[PDB]
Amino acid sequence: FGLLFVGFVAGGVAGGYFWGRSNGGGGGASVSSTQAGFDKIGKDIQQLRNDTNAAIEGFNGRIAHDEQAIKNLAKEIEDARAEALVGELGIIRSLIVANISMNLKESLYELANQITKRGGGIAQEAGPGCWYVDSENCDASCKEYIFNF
């Protein structure tokens, strides 16, 4: 329902980002498209994914030094060390997912802000990723300018 919400759809139906739209006749029925020209989002995702390499390299670069003279594997100690490292890896993961989430969200906000400042101020924000346009001042070629669909 506009960048603060994510929705579910059954069997088929493509997932992702779409243009959705309002009333009109009183009462209308709405409508969702079949996907934008949001190539900024595609590029932003690629960039954000690649930026995770910094945190992963930090983790991979860290291997404790050890010295064992013993001849038989100490499995339980061995497994404990691994479990602890996986624990640390698990929280880093949680930080990375959140870092992606929050920066993608911001990138979506920056996408919506660009749109607001092209129909300015024909736009009128209704929370992030939503706008009220007067289908009167601005029309068919006008919305096509402002929203690209």
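A residue's number is simply how far along the shown sequence it sits, counting from 1.
- Relative to its counterpart among 77-85 and 97-105, 97-105 has the higher mean temperature factor, C-alpha atoms as listed in the PDB entry.
- For the pair 133-141 and 10-18, the record assigns the higher mean C-alpha temperature factor to 133-141.
- Of the candidates 29, 41, 63, 92, the PDB record gives 29 the highest C-alpha temperature factor.
- Sorting the modelled residues of the chain by their CA temperature factor places residue 35 in the highest third.
- For residue 123, the recorded CA B-factor ranks within the highest third of the chain. Only modelled residues enter the ranking.
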